[PDB]
Structures are given as structure tokens and as C-alpha cells.
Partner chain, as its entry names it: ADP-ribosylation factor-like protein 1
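Next up: just one chain, as C-alpha cells, the form deposited without its partner chain.
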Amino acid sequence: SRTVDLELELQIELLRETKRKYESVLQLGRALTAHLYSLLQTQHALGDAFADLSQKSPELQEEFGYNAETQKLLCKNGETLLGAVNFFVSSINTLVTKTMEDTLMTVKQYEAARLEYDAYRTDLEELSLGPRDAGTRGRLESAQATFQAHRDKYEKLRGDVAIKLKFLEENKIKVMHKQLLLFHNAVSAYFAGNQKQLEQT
């Protein structure tokens, strides 16, 4: 037997799974970030190399310079898509690292108080077994205070949670829109802007 709040608890469970899912997405984004930056530096180097060869290889100057163009192209077009991912990632991090962490902060608080409320309650039930004498009543009095108090902190915090939860879910949707968008846009904008120059030259 333990104080349970089926609705809140489920509500709280969801926030935790969401947060975990959102963290592994934040992980994949930073991975994607690290890799793009690597591909970018390698395409700059490759660009310069194909350059140097074109200038030094008349028998093949076209092919080398041709390829040296795309490479340098794809580079400036990558630095962009990159800064965008750097943005998407940085955004979702805040939503997770601070926006969500603050709510989860109140949950751990609520959960701890809940644990204590049940402890002080149980102490009181225990003393109730004792004889109806004077001395036991004195203790049931002390025990009654603490108990009531701890019931207060519990119920308040349980309130501060259902509230914060609602507000948070507001952002989870607002923030994850502007972001899930810009991201996907920057993506198709990268390829688009790139083909527009690859067909030309």
C-alpha cells in the first residue's frame, strides 16, 4: 500500500520516456553534426587537391577543375546546412536540458514528498496501535503535526506538477515545430540550392 496518483504518474511516465527519446535524438544530431563537419573539411581538402592537380595537369585540367568546382560548391552549401543542424540541435537541447529538466525537477520533488507523506502517515498509524494512555497521546499529537504538514507539502507539489506538466507539453509542441521544420527545410534547401548550380555547370 502506497499513495498513488494514477493520472499524474502516467502523465509523469510519458514525460520521462519522451525525454529519454529526445535525448537520443539529441545524441544522433550531435553525431550528424560531427560527421558533417568532417565531411566538410574533407571536401575542402579534396577540392584544393583537385584544384592543384588541374593547374598542374594540362592533359587533365578539365576533369580535375570540374570536380574541384563541385567540391568547393558543396562546401559552402554544406556550411549552411551545417549551421542549421547546429541550430536544430542547440534548440532541442534547451527544450530538453532546461525546459524539461525544470519540470522533471518538480517531479522528483513531488515524488520525494510523496514518499515522506506516506512515511509520517505510517508512523501515525503505528502509534495508533498503542494503548490509549497518557504519553501515547502526547506522541500522537507530535506525530499528527508533522503528518499534517508533510501532507501539505505533498499535495501542493502534486499541484505544481499537473500545472507545470500542462505548460511543458505546450512547448514540446511549439518548440518541436519551429525546429522540426527549419531542420527539414534547411535539408531540402541544401540539396535544392546545390542542384541549381550542378545543372548550370
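Numbering follows the first chain given and starts at 1. Shifts are known only where both forms have a C-alpha. For the two forms, the rigid core is made up of the largest set of C-alpha atoms that agree within 1.5 Å on superposition.
K.L.:
In a third or more of the other entries compared, is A134 missing its coordinates?
P.N.:
Result for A134: often missing, at least a third of the compared entries.
K.L.:
Is it the case that at least a third of the other compared entries omit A149, given both of its neighbours are modelled there?
P.N.:
Missing in at least a third of the others, so yes.
K.L.:
So which stretch wins on mean C-alpha B-factor, 30-38 or 151-159?
P.N.:
According to the PDB entry, the answer is 151-159.
K.L.:
Can you tell me whether 71-79 has a higher mean C-alpha B factor than 101-109 in this record, or the other way round?
P.N.:
Stretch with the greater average CA B-factor: 71-79.
K.L.:
In this PDB entry, which of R139, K172, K56, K164 has the top CA B-factor?
P.N.:
Answer, based on the entry's C-alpha B-factors: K172.
K.L.:
State the tercile, meaning the lowest, middle or highest third, of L198 with respect to the CA B-factors recorded for its chain.
P.N.:
Highest third, going by the recorded CA B-factors of the chain.
K.L.:
What third of its chain, lowest, middle or highest, does the C-alpha temperature factor of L168 fall into?
P.N.:
Highest third.
K.L.:
Classify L46 as lowest, middle or highest third according to the C-alpha B-factor given in the PDB entry, relative to its own chain.
P.N.:
Lowest third of the chain for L46's C-alpha B-factor.
The form solved in complex with its partner chain exists for this protein as well; it is not shown, and the discussion that follows is about that form.
K.L.:
With the partner absent here, would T99, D102 and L168 each sit within 4.5 Å of its partner chain in the deposited bound form, counting heavy atoms only?
P.N.:
All three within 4.5 Å in the deposited bound form.
K.L.:
Check whether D152 has any heavy atom within 4.5 Å of a heavy atom of its partner chain in the deposited bound form, and answer yes or no.
P.N.:
No, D152 stays farther than 4.5 Å from its partner chain in the deposited bound form.
K.L.:
Using 4.5 Å between non-hydrogen atoms, is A145 touching its partner chain in the deposited bound form?
P.N.:
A145: no, not in contact with its partner chain in the deposited bound form.
K.L.:
Might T94 be said to contact its partner chain in the deposited bound form, defining contact as any heavy atom within 4.5 Å?
P.N.:
Yes, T94 lies within 4.5 Å of its partner chain in the deposited bound form.
K.L.:
How about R158: is it within 4.5 Å of its partner chain in the deposited bound form, going by heavy atoms?
P.N.:
No, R158 stays farther than 4.5 Å from its partner chain in the deposited bound form.
K.L.:
Which is the one residue in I173, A145, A45, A34 whose C-alpha moves 2 Å or more between the shown form and the other one, relative to the superposed rigid core?
P.N.:
The displaced C-alpha is that of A145.
K.L.:
Tell me, which consecutive runs of three or more residues change place between the shown form and the other one by 2 Å or more at the CA, with the core overlaid?
P.N.:
Runs found: 1-4, 127-130, 136-146, listed by sequence.
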